[PDB]
């Protein structure tokens, strides 16, 4: 669970904000959710809304959804699987979460070698078989309430 509200989101891999860059073209094609340069990450406070027993997550006003293994903002409205399970992982720090799709069971992943502007992936999550599980940084995000 996570308290609904407005958040800045960074990847634990690299500390970079996740979201949408300043330049996108004017189409309603789904837009990539990316790891952002420090100098190109404004306007990327996400909105987190409760949606039954899961969450809908908005970046620059559009809800995000998985498609062919990657994370996009849905501008057109026809994308399925918009509900996410957002879970605290306190063993990784106070405001650290995993984000796992409620229907597909695949979660957000930033590869360890991700470059700036590279798209966030959506894949089955892996974790060490410890108690509690320890996730790789590629699967951990810091959600910091504005």
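Numbering follows the first chain given and starts at 1.
When the C-alpha B-factors of 23-31 and 65-73 are averaged, 23-31 comes out higher.
Stretches 104-112 and 41-49 differ in mean CA B factor, with 41-49 having the higher one. Of the candidates 54, 99, 117, 120, the one whose C-alpha carries the top B factor in the deposited record is 54.
Annotation for residue 85: C-alpha temperature factor in the middle third relative to the rest of the modelled chain, per the entry.
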